[PDB]
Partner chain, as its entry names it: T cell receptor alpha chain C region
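Form deposited without the partner chain, single chain, as structure tokens, below.
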């Protein structure tokens, strides 16, 4: 039972359309500043000079990355992002991996895609990270699905969709693309606050099934 796009508000759709098409990506930056037990602050490193607040589910996660060089890839937002200082604060959940943890060669993952059961062109996503967040993978697939199938347009035909990430062992992860937790990003993106990370070389493939 997949959620229908009709259940979403115009604001939820517009927010999803914006964030999945414009991921926040930063390579090799470092915060030695914890805020509110569970957040790391990167001053001046958000978009357009803004400060970045990266939010984690736990103090242990924030502490793991404190004073480490990291790469960030995640969905960013402003509304309800807790103020840091005088500069504008931009936020993101998780999306964080150690910059030193890199593969010997790029991993390219293929996604088989179907719309009403009809097979569409394979989609390809890639990473050089030894450990990659599930958030990054999800965003890279939703970006292509948005580009090609307009999944977050209000009037486009797609009304249901599931993305499944399968490992080389019997373990998978999945996202129902219309099961948004709220209409604002600060709530929607909490699905990434666990900073869930997968070993890139243990990922097998991705399945995308969309329906009208």
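Residue numbers count along the first chain shown, from 1.
Return whichever of 105 to 113 and 81 to 89 has the greater mean Cα B factor according to the PDB record.
Higher of the two, by average CA B-factor, is 81 to 89.
Please work out which of 49 to 57 and 32 to 40 has the higher mean CA B-factor as recorded in the PDB entry.
Mean CA B-factor is higher for 32 to 40.
If you compare 150, 143, 160, 181, which has the highest Cα B-factor in the entry?
Of 150, 143, 160, 181, 181 has the highest C-alpha B-factor.
Taking the chain's C-alpha temperature factors as the reference, tell me which third residue 19 falls into: lowest, middle or highest.
Within its chain, residue 19 is a highest-third residue by C-alpha B-factor, going by the deposited values.
Against its chain's modelled residues, does residue 3's Cα B factor rank lowest, middle or highest third?
CA B-factor rank for residue 3: highest third.
Classify residue 187 as lowest, middle or highest third according to the C-alpha B-factor given in the PDB entry, relative to its own chain.
Highest third.
Within this chain, which third does the Cα B-factor at residue 204 fall in: lowest, middle or highest?
As the PDB entry reports it, the C-alpha B-factor of residue 204 lands in the lowest third of its chain.
Taking the entry's C-alpha B-factors for this chain, is residue 172 in the lowest, middle or highest third?
Residue 172: CA B-factor falls in the highest third of its chain.
The following text describes the form deposited with the partner chain bound, which does not appear among the structures shown.
Exactly one residue in 22, 190, 199, 196 has a non-hydrogen atom within 4.5 Å of the partner chain in the bound PDB entry; which is it?
Going through each option in turn, the one that passes is 22.
Using a 4.5 Å heavy atom cut-off, state whether residue 98 contacts the partner chain in the bound PDB entry.
The answer is no: residue 98 has no heavy atom within 4.5 Å of the partner chain.
State yes or no: in the bound PDB entry, is some non-hydrogen atom of residue 186 no more than 4.5 angstroms from a non-hydrogen atom of the partner chain?
Because no heavy atom of residue 186 falls inside 4.5 Å of the partner chain in the bound PDB entry, the answer is no.
Exercise: residue 173 in contact with the partner chain in the bound PDB entry, heavy atom 4.5 Å:
Contact check for residue 173: no, nothing within 4.5 Å of the partner chain in the bound PDB entry.
Can you check whether residue 103 is within 4.5 Å of the partner chain in the bound PDB entry, heavy atom basis?
So residue 103 does not count as contacting the partner chain.
Would you give me the residues of 17 to 50 that have any heavy atom within 4.5 Å of the partner chain in the bound PDB entry, in order from first to last?
Residues within 4.5 Å: 17, 18, 19, 22, 48.
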